[PDB]
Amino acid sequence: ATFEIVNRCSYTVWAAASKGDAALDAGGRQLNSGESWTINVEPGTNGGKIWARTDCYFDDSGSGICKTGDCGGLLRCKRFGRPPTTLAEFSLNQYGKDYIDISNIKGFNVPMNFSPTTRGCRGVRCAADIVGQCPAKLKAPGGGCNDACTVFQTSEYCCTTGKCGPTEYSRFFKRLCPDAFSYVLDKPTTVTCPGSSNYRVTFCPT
């Protein structure tokens, strides 16, 4: 499957793509404002994610740091990124269908649209100004809007037991972005697409 990753933000981002235990394609790349990077993701990939990273520095060997979404200091991510990270999430070719969503469970850094480029389903978007409107207690001094699990490490925010409800913090993310997951047990906003669809992830779509 192809994923065209497009940076419509006015600032550079470093895109990242991983399934947690391995890179997808090269795993990451710099995207200046307006640049597009097309990756290939193996069919059957389960639990893949794409995200933006901001305010990064890398040496010539591809080692460094980002202020949001850093994946072990690598340009080419092999693992998931450090919150806050708006997440484009997907599982491909799962019994004949693909499944896509956007999640704010690991916080929010950059607005994104995640849409098919092929027929048969709709896209999802979280493009509101979550960082600007972020509750004081969730603001990440490094940049972005943290989720409450990250900040407070409770059973209720992290849904550790599997019994949790919505919270005043999850409801903030849900208000700003109804079509993204706001906590682990949120009413799903997953879209079913045809198996082997292709996609575009756009940072700062609006």
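Numbering starts at 1 and follows the sequence shown.
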Inset, instruction - Identify the stretch, either 138-146 or 165-173, whose C-alpha atoms have the larger mean B-factor according to the entry. - result: 138-146
Inset, instruction - Report the stretch with the higher mean CA temperature factor, choosing between 48-56 and 66-74 on the basis of the entry. - result: 66-74
Inset, instruction - Select one of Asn109, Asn104, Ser115, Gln94: the residue whose C-alpha shows the highest B-factor in the crystal structure entry. - result: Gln94
Inset, instruction - Looking at the entry's B-factor column for C-alpha atoms only, identify whether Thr160 ranks in the lowest, middle or highest third of its chain. - result: highest
Inset, instruction - Would you mind ranking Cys126 by its C-alpha B-factor against the rest of the chain and naming the third, lowest, middle or highest? - result: middle
Inset, instruction - Just say lowest, middle or highest third for the CA B-factor of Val13 relative to the other modelled residues in its chain. - result: middle
Legend entry - Record-listed C-alpha B factor of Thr202: chain third: lowest
Inset, instruction - Divide the modelled residues of the chain into thirds by Cα B-factor and specify which third, lowest, middle or highest, holds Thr38. - result: middle
